[PDB]
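Enquirer: heads up, no residue letters with this:
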């Protein structure tokens, strides 16, 4: 979508005083999250429902089994996570005009809570792999039927990579949280 | 669409004197509404009519039942709401060149009325969930037929999130309205 | 399309002296016409001919009945109207370099004539609603056949909204015309 | 396509001394040609071959009859004409750095020749209307078959409008040519 | 694609001292190559494989005969040629920071070699016309089958135009090469 | 995708002191990798799964055999490689604000390791050619079936070109590594 | 069907005393009616509903329009007529065992009434020709549609032939009725 | 089927002494029942399930609604009735070899009971007409659907004719029953 | 059909006194006409309309062009001819019971007239060959279309054979007519 | 099939001395078994596999589930039973020519054993009803699928009727077996 | 077809005096030709054109290639041969009534000529095998295409068997011809 609005909002939010860990965390967020989702990830999840098939003759069973197997797309969860993680750093724009280190501590606390919450939610929603087969027993499908997934190896690679990057950002958040004391 | 024109119009409209509540409300509007609709929401409602199916052989029944089940798309209602809510803040551009706190009070009154109107209209148009089945008895369909919806869980998540954000902005509007007295 | 070229052309054309009514009219044109057509209206008329169906087996009858029912799309009529209405305000760029209130009066007269002409043409071309059924008796169709329309409720809402906005701009044009005398 | 490169090239080419007729001609070219082709015309010719059908069972006859009926699309002829017409005004950029009214006369002569050539070529290639039926007797089609066209009324409106605008620019070119003597 | 990055790279590479022939060559390259490929040529080759058909029932024969008839698309060959031709002029950016007429001679020699190489390669790859029929005897097709091409007249016009423009740039390159001696 | 964000990030990262080999390497990376992937390569891999066919009647065998034959698309591997290779040069932005030749040596070591790793991984993932046939024995396919690939000659040309460019950048990296000693 | 049962029933019913006209009538009935219907007519009306088509997409309209156009098949009307006409001659078997010229007169009266009734009914049911087109406005068909008939020339020949034979048998019946007085 | 076996069985069963009413009843049974069912009725009910259609996409709903609308075919009910009615007259063959008017009375009583039972059962199973539409709400059909019948006018004619013939045979049976006393 | 009824009718009609030519003619009629039509010819014309195809998409054009190309099937014309030719020999059954050489002369005259009439009608209806292509310009077909015939070589062989046999029977009829004088 | 050969074989086998029970049993066998199977039952089981459908996309699953649900057709089991039951009565033809009450006792014993064996086998093979749904888990079907049966009510009526008739013949066989002692 | 008419004609033609070789030849003709063609051969050639397929998309190419590969069906050639071979033995019926060993010699000469002619014609028409593939280059087929045959092994067995039987009958005919001298 419109990633340049977020770019220009983030350029005015990086004028805040930050520590070494905070700048390393912003570098990891800018490179390993925004550039990869905004360039590479969009096209992978383009034909997810078009190339999703089930072995049946029942109308409406493809929609039911696709919605049951993929309640939320990976790419939209990652975009929402990117937006939510950068919110505490975007509240500096609002806070600066109010004055024209307590805020920094509050930002660190909120950022750690968001990073851990999203990492745990990513583990519970998806897991670690995307298999190539699905078993569906949802109405209007008759008993259990079998369905086939589009590009499962290339979505397992994104899941593993994203989980690794989120774990890195969680470690840096806890490092800075310990640094403040 | 062309969100950068709205961005440049909003950059020239935030030069007005504002209170703390007004800046918190603008931050919530910029982050939780514009960035999410302009980046995430567009692709969700892309194959809404393509992946909408009904169990019939009657030509024209898909068009009738899709138009009866989704009179207006969620994404267009939200974009229209975003445009209408920011209108009182966009009338500052016109008002400033006229002079080259009564206006602020009028803006607050109009903004509260718009936020409450859109929140109530969102409740009456859609509700709180998007089910995965629809029952249709509209011409040219013969008696009642059953139709299936595309991505219902992922549209229920957007409805609930948008309702929560609109309720937050309504609370901030009433807070500032009480603040003025 | 390329709406930023029109934005940059309109930024250099709003440097002209204007009255209160002229600035209110420019605000209505910028917000209620350009931002809505350039963001919301494009996707509504995307599958107009793809999701247009007729109850027949005759090749070429869909093309004939779609062209007979929708001679010109609504969105292109509105874009052309937007371009034509802003032409008198775009002739200021050409007129300013010539000198390096008669022009203002001529602009007001032409703008009123264009606004009234387009409003009447919109009434005669389309009407007030888009029905969900069409009756077609055009070659190569055999006698009369029935055809079904895509998203009729959501195109009736745009027609009614656009007619209301055009009536507002006509009232403001006649207000300024009376103001000059 | 990339219309902003042409916009930035044309901003550096309008720094040349020009007469009243030359500025009126540039205004007509900028508004009635570039803004309409770059915004409105692209989507009209999008499903020209997808929604082109013939009444036959012969493979390859649709491709043959579409290529015989529309050798070159209208939109590409107009874009090429726009590029070629503005070339003499784009040679000022090259000529200015050479010096760091003979050129103006040469430009006027070439511009008149190009405008008349393109107007006559548009008359011979297309005509004045786009009919809704076509008769085809090209291999691999068996004898003569009948084919149906997509959006013929809306392409007749563009042809008539473009011919009117090109005639206006030809009249202004001959006016300036007579003015120089 | 992203033609504005190439535009901004070329704006910083035209600050080099150049002769009259070198500026005429840059004008021909900018207008007759970049503006035409980046605006007009992209849509012509959009449905090249979708609207390519063969008269057979064998699965996989369309892919084999399309790959045998069009090993590389015209538009990608032209884009690669545009990028490669402008490389010697893009090495000025790297060379200028090194110093903070031998280079000019080396650039002219390399540019002439590239222009002649691409012109000869275009002659050997494609020829002068795109016919509307193809004869294919490639596996998995059974013996020889016949295939039909999409928009052959409109691709013959581009081939002839591009060959003419490349011949013009070759003549200007040899003119400057003779000028240096 | 959004290549202009990477362009603006790379403009602020080329302000570092560099040697002759480092500037030649940056020129090769900017021209032969970024401009080609961001302009030419995107459209080649657009219909890779749509135009992938197998000779069977089994539902779900196309998805299984496409995922087994192309675990990761070439274009996404190249984009990821481009992002990862430029990371050491993007850590200069973070390092510069820390101070407001050891870093240069560390950057060279990491850049050499990344270039060699990606070149070897490209050899093991893909090879040197893309054949036009595939043999598949993956569930749900019955025993072994044969599948056909889309545009194999035009993807072999990209593989060979990309391998040549990566070998050039590896040679320049080892040249600079030897230069430092 | 089982025509040999009727043959053996008719062999035992021709043992009655008869006049010259009665034997000529039995010869015409045996040859021109039974042998033609039982050998030639069965295959003509075999694909009457299979090869009956209408120009519509409405399910169930073929059944409605075939039943409206051909309420009773010609061949079954003729077989029923053959059975009914020979009934008075088959009542001799029952009457002969009762005795083990009044009956003959009663038979002649009944046979004349049956022959005239069937000839008039054949005129009112069918007419004189079977056209090749039909116009249908029966539910579930939408307004009027057009339908096409199978073998109309070959069913017109049977209608004309059967009407001629029935008129011959009516003339012979009235000849014998006058003969008795 | 094999009607000649029944013919030869009935030839050996008509050697019994009979009254006038019994011979008139045998004549009505032989002519109006056996000859019509064995010649005319077989082909009418040939495509009853092939030309039975319902307006749905559900597999198995045609079988369910055809079995619910026509539990037993008319032609098989009539053949079974013909076989059962002639059984008392076929018990004479068995009774005659036993001896090598009490039996006649028992036969008359049983024949009257069978004729009345079959006439009442025909009224309760079918009725008096075969409509051209059916409403079905049987599993697996979703709610109620509408189905269309093949040749309804020509099956109404057979029902009415068969009911008239059965009423005639019932009147003759009661006449003979009264005759015996 | 029921050829055994005609066999048993012909066994009782060959008891008439006949000459040598009359017995040779009856032998040719029995062998070369009845045995070939009743055994071989029925299956040839079984899929005449099922395997008749035309190159069009127009509903109802197959029925129109089949009825125009084959107004009456060959096999039914031959069966009717066989029945009509043997009628004078079947009038002996009726004439013999009347008496319980003038008749023979009348029979010969009528038989000669029938044989010559049918031979000439066969020449005018069909000709001498059945081609494999047909050109049709009958409604609802659009202009002229081309249609393909089923088993044309095997129907040309029957036409030539039947014409030869009919010419033989005509020569024998004229031989006997001359013999009588 | 050829039921007249069995009729003529049974006419020469009923010349044996028999008791009252044996003649009643032969009457029940001739009427309630042979006439019903040879006339009525053949057409019921004609489209058993054509109108058998399953809800799947797997090739070969219809054949597997039809063979699993109906291992042997009812009509062929009944025909085989009819042939086997009448064998002891057909051994009289062979035994009579050998001589040109011990045999009668042996025949009764064998006939009782066959009747009881077939009745028990009919109970174990089929049961008492034919349901309208079937559940299938046979290869190549994926897990369990559901299949639909053709004419289940009309096959339940035949099963119940045949079981009743076979029970009657078993009672008569045991009556005669007790009679002999 | 009607083989019983030929049976009854042959029963009245075997009353002629014959030698040992003539009776052995009649036994071979009756058993190895008539019983096999009239029982076994009819069903083999039932789906010859239905199960004949070609690898093309051209309408009408199946009819052309089937008629070119099988100009006359095997079964009809054999039936015609059977009828023609038995003609000399059927002329005895006509010759016997003329008298109420010269004829026998003439019959033997004609029978030998017919047997040898048909055997040679069978060799030239068909050959010795029926292959499973066919190569067709007949209009409307494009160049050469490949077609597949139904039941080729089972038609090769009939060809070889029929050729062996015809050779046996030719040897017996020459044996009797030599016997007469």
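Expert: Yep, it's here. Numbering: from 1, shown residues only, chains lettered A, B, ... in the order given.

Enquirer: For the residue sitting nearest the centre point of chain A, which non-adjacent residue is closest in space?
Expert: Chain A has residue A:78 as the residue nearest its centroid, 1.9 Å off, counting by C-alpha atoms, centre = their mean. Distances taken as C-beta to C-beta, 6 or more residues apart in numbering or on different chains put residue A:37 closest to residue A:78, at 5.4 Å, once the chain neighbours are dropped. Where you see a C-beta, it was placed from the backbone N, CA and C, and this is true even at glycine.

Enquirer: show me the contacts for that neighbour.
Expert: Counting by C-beta atoms under 8 Å, 6 or more residues apart in numbering or on different chains, residue A:37 makes contact with A:75, A:78-79, A:82.

Enquirer: Quick check: it vs chain G, distance?
Expert: 45 Å (C-beta to the nearest C-beta, to the nearest Å).

Enquirer: Likewise for residue A:75?
Expert: Distance from residue A:75 to chain G, by C-beta to the nearest C-beta: 39 Å.

Enquirer: Secondary structure class of that residue, three-state.
Expert: Recorded secondary structure, residue A:75: helix (DSSP: H, G, I helix; E, B strand; the rest coil).

Enquirer: the longest helix in chain A is where?
Expert: Longest helix in chain A, counting residues (DSSP state H): helix A:152-180.

Enquirer: mind listing what's buried in that one?
Expert: For helix A:152-180, burial by neighbour count (16 or more other C-beta atoms under 10 Å in any protein chain shown) applies to A:152, A:154-159, A:162-163, A:165-166, A:169-170, A:172-173, A:176.

Enquirer: returning to what we had before: among the contacts of residue A:37, which lie within helices?
Expert: Filtering the contacts of residue A:37 for helices - DSSP H - leaves A:75, A:78-79, A:82.

Enquirer: tell me what the strand or helix carrying residue A:24 is packed against?
Expert: Element membership for residue A:24, per DSSP states H and E: helix A:20-29. Judged by 3 or more C-beta pairs under 8 Å, 6 or more residues apart in numbering or on different chains; DSSP states H and E, helix A:20-29 is in contact with helix A:152-180, helix F:87-99.

Enquirer: Dump the ones you listed to TSV, plus distance to chain C.
Expert: Listed next are those as TSV, based on distance: least, C-beta to the nearest C-beta, whole Å:
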stretch	distance to chain C
helix A:152-180	27
helix F:87-99	29
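
Enquirer: Excluding covalently adjacent residues, which one is nearest to residue A:141?
Expert: residue A:61 (4.2 Å).

Enquirer: no no, residue A:44
Expert: In space, residue A:44 is closest to residue A:154, 6.0 Å off (C-beta to C-beta, 6+ apart).

Enquirer: need the residues of chain A near chain D, please.
Expert: By C-beta under 8 Å from any C-beta of the partner chain, no residue of chain A approaches chain D.

Enquirer: Could you find the residue in chain A that comes nearest to chain G?
Expert: residue A:59 (15.5 Å; C-beta to the nearest C-beta).

Enquirer: Quick check: that residue vs residue J:149, distance?
Expert: 22 Å (C-beta to C-beta, to the nearest Å).

Enquirer: Pull the contacting residues for the residue nearest to residue A:44.
Expert: Residue A:154 neighbours (C-beta under 8 Å, 6+ apart): A:44, F:67, F:71-73, F:76.

Enquirer: Nearest to residue J:125 among these?
Expert: Checking these against residue J:125 with C-beta to C-beta, the nearest one is residue F:67 at 46.9 Å.

Enquirer: and the closest one, what element?
Expert: helix F:61-69.

Enquirer: I'd like to know which elements that helix is packed against.
Expert: Against helix F:61-69 (3+ C-beta pairs under 8 Å, 6+ apart) you get helix A:152-180, strand F:53-54, strand F:133-136, strand F:145-148.

Enquirer: closest to residue D:54 out of those?
Expert: strand F:53-54 (26.0 Å).

Enquirer: which parts of chain A sit against chain H?
Expert: So chain A meets chain H at A:57-59 (C-beta under 8 Å from any C-beta).

Enquirer: Adding distance to residue D:128, write those out as TSV.
Expert: Converted to TSV, the residues of chain A next to chain H look like this (distance: C-beta to C-beta, whole Å):
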residue	distance to residue D:128
A:57	53
A:58	54
A:59	48
